[PDB]
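*Asks:* Structure incoming, see below.
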Amino acid sequence: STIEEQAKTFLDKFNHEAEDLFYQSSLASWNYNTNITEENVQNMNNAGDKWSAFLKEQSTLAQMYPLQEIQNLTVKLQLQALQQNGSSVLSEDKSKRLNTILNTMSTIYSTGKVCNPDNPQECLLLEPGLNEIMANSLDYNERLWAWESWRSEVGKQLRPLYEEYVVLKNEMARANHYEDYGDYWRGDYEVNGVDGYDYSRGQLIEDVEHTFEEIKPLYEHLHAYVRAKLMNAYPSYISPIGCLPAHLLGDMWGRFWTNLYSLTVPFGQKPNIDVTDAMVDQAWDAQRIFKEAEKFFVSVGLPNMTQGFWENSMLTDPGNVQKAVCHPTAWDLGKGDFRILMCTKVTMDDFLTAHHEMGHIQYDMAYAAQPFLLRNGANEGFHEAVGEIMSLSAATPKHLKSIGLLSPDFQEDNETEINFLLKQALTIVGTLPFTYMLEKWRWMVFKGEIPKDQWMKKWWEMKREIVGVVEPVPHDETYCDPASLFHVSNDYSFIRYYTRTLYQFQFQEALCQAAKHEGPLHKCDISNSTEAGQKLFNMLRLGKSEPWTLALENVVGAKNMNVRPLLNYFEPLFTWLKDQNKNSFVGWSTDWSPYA
Amino acid sequence: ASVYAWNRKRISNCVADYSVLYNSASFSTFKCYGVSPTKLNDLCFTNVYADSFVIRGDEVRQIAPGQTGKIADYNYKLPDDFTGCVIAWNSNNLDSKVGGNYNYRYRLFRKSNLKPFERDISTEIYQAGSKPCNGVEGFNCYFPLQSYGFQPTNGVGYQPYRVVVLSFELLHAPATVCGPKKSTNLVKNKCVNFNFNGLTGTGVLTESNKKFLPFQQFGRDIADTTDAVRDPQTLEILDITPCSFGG
Ligand SMILES: *[C@@H]1O[C@H](CO)[C@@H](O[C@@H]2O[C@H](CO)[C@@H](O)[C@H](O)[C@H]2NC(C)=O)[C@H](O)[C@H]1NC(C)=O
Ligand SMILES: *[C@@H]1O[C@H](CO)[C@@H](O[C@@H]2O[C@H](CO)[C@@H](O)[C@H](O)[C@H]2NC(C)=O)[C@H](O)[C@H]1NC(C)=O
Ligand SMILES: *[C@@H]1O[C@H](CO)[C@@H](O)[C@H](O)[C@H]1NC(C)=O
């Protein structure tokens with residue numbers, strides 16, 4: 001009666017009831033998200049604590065098992081999920097104080113209140129309106145005022161709150177034998193099993209920027225081009241030596257340059273690739289869109305969709321008193337239950353979103369054969385990257401023409417190719433610097449070697465080197481501008497978005513090579529190539545049973561992260577940028593400011 | 001019944017029609033290992049044994065010769081040389097409950113693998129470690145019996161399937177169950193060959209006026225040559241004459 005068999009029997013007892021309870025809870029959650037009503041609300045409680053009232057006890061009894069000698073790596077890894085102290089290591093007062101501070105910070109961040117002084121009785125929130133008006137306009141006064149007001153009424157009273165949150169999170173990190181909460185986050189990309197596949201938390205810190213510097217010549221070029229368009233859009237507001245302010249990026253944070261794409265259009269003569277008029281003319285309902293997505297998925301190589309999903313899952317227009325939130329989600333309710341939740345309509349964007357959600361469902365089924373504690377991806381980014389692969393391949397013009405979205409006699413050329421490529425890069429490679437700098441700043445703030453004074457101003461100079469942003473209004477210590485973001489107060493690791501883009505680029509590039517296609521990467525199509533889908537499913541079926549480094553070995557030949565697909569994809573854009581902004585000089589200056 | 005309490009039935013002394021069930025589309029799985037389903041109606045055994053229960057959909061492949069699994073080892077076991085057939089069909093519409101078909105249970109833990117054609121219904125608490133589980137479950141205690149979470153939405157694999165396995169025993173005692181025989185029509189005044197109730201021969205059949213006692217089946221005149229028969233259905237006496245021949 002060795003302890004290994006005792007642990008195996010404990011897992012066998014645990015997993016069945018855990019699956020049953022998780023299935024019940026997920027079914028209730030899906031019902032409430034499909035039936036917005038008070039009756040479905042209390043049910044959450046009736047399950048919620050119960051889940052904990054089942055999980056914590058199993059976590060309570062997952063300590064006397066000596067999880068240090070089990071030969072089966074799968075068994076030890078599965079048991080490691082239950083052998084987690086969590087936040088229970090802290091005292092009750094500390095835990096309740098942390099919970100209260102998280103609640104208040106999230107509520108105050110989500111309840112941003114800015115009233116225009118002319119009409120002080122009508123404030124505006126993060127919901128459309130002020131953000132919508134300032135994100136789509138051509139002005140410097142209103143945008144800057146809105147940015148300052150938002151950073152003032154969210155930053156003033158959250159600086160001590162975020163400080164206390166960070167220090168208590170770090171304290172509980174030491175409470176769980178972690179010298180830093182940054183290491184706690186990096187533990188997702190941490191494996192110490194098979195030799196040659198192990199990864200460490202410290203290595204990832206440098207590896208994140210090791211693949212980041214190579215896009216600096218490209219991204220800056222776009223910025224230079226943007227700056228060129230800035231000299232064609234903003235008269236005497238951005239110096240050619242310097243760069244643009246925060247509120248002129250199109251968003252209050254400047255994560256993406258989509259809001260600035262219209263200003264920086266490369267060639268507006270050629271219309272963009274749009275076939276939504278065809279689906280409206282051809283009467284493409286939600287059913288037709290889902291059927292075509294299913295057919296393309298089958299052509300790729302994934303197994304055909306099963307029944308039950310087409311009836312239980314909602315597809316379009318909650319409509320009447322039977323209301324439902326339809327934010328794009330793919331629900332893996334467990335026990336062989338997979339459903340979609342998204343308002344599908346007659347749009348190519350809705351087509352791509354449906355492709356994304358159903359690819360998420362397919363990936364969920366791919367590792368559904370894994371046990372309850374292994375039915376997840378190797379890391380956070382793999383799920384979203386896999387979901388986005390098919391959406392990327394479902395928008396290629398060749399794919400549209402094959403299923404007859406584009407005209408059968410359509411003819412694309414270099415002008416629309418360059419326009420589309422720049423449009424994609426303005427968001428894809430235009431967000432990597434901001435994501436990397438935010439992740440690094442969060443790494444320092446969790447590690448805490450920087451003092452509390454070195455929070456704002458350091459940020460506001462560091463953003464100069466990476467994102468290329470000047471200060472429209474000063475910020476010394478009286479706000480918390482970085483802390484006033486959605487993925488800063490909800491305890492969300494921000495490296496997932498950085499990793500997802502690189503993973504999806506690598507997978508798309510590898511599929512394009514091993515899919516029998518010729519030409520540029522942006523026009524690559526994986527339709528009717530079942531070998532590529534078979535290799536993709538070989539990757540997907542691993543789930544959590546294999547390390548992420550070992551997972552990154554079937555579709556792609558590199559277990560680590562590389563930047564080569566990023567440069568290869570935007571090759572025509574890079575060679576157009578090289579001879580486009582010849583008059584101006586690339587790079588920005590960190591000394592110039594709009595006020596000086 | 002339960003998988004570990006499989007319902008056992010003995011069938012003997014009747015005529016068994018197999019093609020009637022074989023020619024049915026309501027059975028999801030129909031696997032025969034002894035002989036072909038068509039040939040089954042020809043030969044016959046001395047008795048039949050039926051094991052009936054309902055299991056999970058994914059476990060149907062577990063019940064087979066040379067197959068192992070939790071059901072195949074701790075709930076019900078079959079030998080490698082099993083003779084007979086297995087018939088399974090979905091019971092999601094009936095057995096699975098909206099509130100959960102937790103009435104059904106399966107044996108998850110057992111000290112030893114079950115023997116072929118053997119049933120275990122023990123409810124003794126199982127022990128996985130050195131600590132003796134004295135009554136109430138402790139650390140190394142796990143219940144052998146686990147319920148079922150059948151729901152209307154559980155995927156095809158989790159739907160409960162009704163499974164019945166038929167085995168045939170042909171002990172040296174006289175056979176008691178056999179398939180239907182099928183009888184043709186009757187002709188007269190023509191040289192034909194016949195197999196009346198297993199008695200075969202050629203000749204021409206005519207109407208006669210002999211008076212059998214109520215228990216004879218045929219008759220012979222002398223030198224032991226059959227001359228008359230009684231048809232098993234109409235129960236009338238027919239006379240046999242050899243077909244004409246000569247030089
Ligand atoms: C998934 O695709 C396969 C391949 O077409 C489907 O299999 C056939 O589908 C057609 C039309 O959908 C039917 O007329 C055939 O009878 C199917 N044959 C078989 C052997 O299944 C399959 O039905 C599709 N899955 C679903 C749920 O529709
Ligand atoms: C075998 O079954 C047949 C079918 O019913 C029987 O034939 C009928 O028997 C009844 C009995 O009164 C008669 O009224 C009918 O006229 C018969 N039908 C015919 C001759 O075509 C037959 O008797 C049965 N054999 C038995 C009982 O030995
Ligand atoms: C949604 O919930 C309300 C409130 O309990 C109930 O009256 C209604 O029947 C529900 N509808 C569905 C489709 O479940």
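Chain labels run A, B, ... following the order of the structure tokens; each chain numbers its residues from 1, and ligands are numbered from 1 in the order shown.
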Would you give me, as JSON lines, each residue of chain B having an atom within 9 Å of an atom of ligand 2, along with its shortest atom pair and that distance in Å to one decimal, using only C-alpha atoms and all ligand atoms and sorting by chain and residue number?
*Replies:*
{"residue": "B:232", "atom": "CA", "partner": "ligand 2", "partner_atom_place_in_ligand_line": "28 (O)", "distance": 6.6}
{"residue": "B:233", "atom": "CA", "partner": "ligand 2", "partner_atom_place_in_ligand_line": "25 (N)", "distance": 4.3}
{"residue": "B:234", "atom": "CA", "partner": "ligand 2", "partner_atom_place_in_ligand_line": "25 (N)", "distance": 5.5}
{"residue": "B:235", "atom": "CA", "partner": "ligand 2", "partner_atom_place_in_ligand_line": "28 (O)", "distance": 6.3}
*Asks:* Got time to write the residues from that selection, C-alpha atoms, as a PDB file, in the first residue's frame?
*Replies:*
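Printed below is again-v5.pdb as written:
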ATOM      1  CA  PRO B 232     -47.276 -32.911 -38.348  1.00  0.00           C
ATOM      2  CA  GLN B 233     -49.668 -30.014 -39.052  1.00  0.00           C
ATOM      3  CA  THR B 234     -52.901 -31.302 -40.597  1.00  0.00           C
ATOM      4  CA  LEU B 235     -52.629 -34.704 -38.843  1.00  0.00           C
TER       5      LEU B 235
END
*Asks:* Would you give me, as a ChimeraX atom specification, the residues in segment 3-182 of chain B that DSSP reads as helix (DSSP H, G or I)?
*Replies:* /B:19-22,37-40,57-62,70-74,156-158
*Asks:* Around ligand 3, which protein and nucleic acid residues have at least one atom no more than 6 Å from it, if we count only C-alpha atoms and all ligand atoms? List them as a ChimeraX atom specification.
*Replies:* /A:35,37,39
*Asks:* For chain B against chain A, which residues fall within 9 Å using only C-alpha atoms, given as a list in words?
*Replies:*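 Residues satisfying the distance criterion: residues 108, 109, 127, 128, 129, 130, 139, 140, 141, 142, 143, 146, 149, 153, 154, 155, 156, 157 and 158 of chain B.
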*Asks:* Excluding residue 103 of chain B and residues on its chain fewer than 2 positions from it, collect all residues at most 9 Å away from it, counting only C-alpha atoms, and give them as a ChimeraX atom specification.
*Replies:* /B:100-101,105,147-148
*Asks:* For residue 571 of chain A, find every residue with an atom within 10 Å (counting only C-alpha atoms), except residues of its own chain fewer than 3 positions away, and show them as a PyMOL selection string.
*Replies:* chain A and resi 218+418+421+520-522+565-568+574-577
*Asks:* Might you pull out every residue within 9 Å of residue 189 of chain B, with only C-alpha atoms counted and same-chain residues fewer than 2 positions away left off, and present them as a PyMOL selection string?
*Replies:* chain B and resi 187+191-192+204-206
*Asks:* List every residue of segment 92-320 of chain A that DSSP, applied to the backbone of this structure, assigns to strand (DSSP E), and report them as a PyMOL selection string.
*Replies:* chain A and resi 114-115+123-124
*Asks:* How many Å lie between atom CA of residue 75 of chain A and atom CA of residue 135 of chain B, rounded to one decimal?
*Replies:*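 According to the coordinates, atom CA of residue 75 of chain A and atom CA of residue 135 of chain B are separated by 28.4 Å.
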*Asks:* Find the residue from B:29, B:96, B:200, B:244 that sits nearest to residue 160 of chain B; use only C-alpha atoms when measuring.
*Replies:*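 Nearest candidate to residue 160 of chain B out of B:29, B:96, B:200, B:244: B:96.
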*Asks:* Which value, in Å to one decimal, gives the distance between atom CA of residue 422 of chain A and atom CA of residue 294 of chain A?
*Replies:*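 So the answer is 29.7 Å.
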*Asks:* Between atom CA of residue 534 of chain A and atom CA of residue 495 of chain A, measure the distance and give it in Å to one decimal.
*Replies:* 28.8 Å
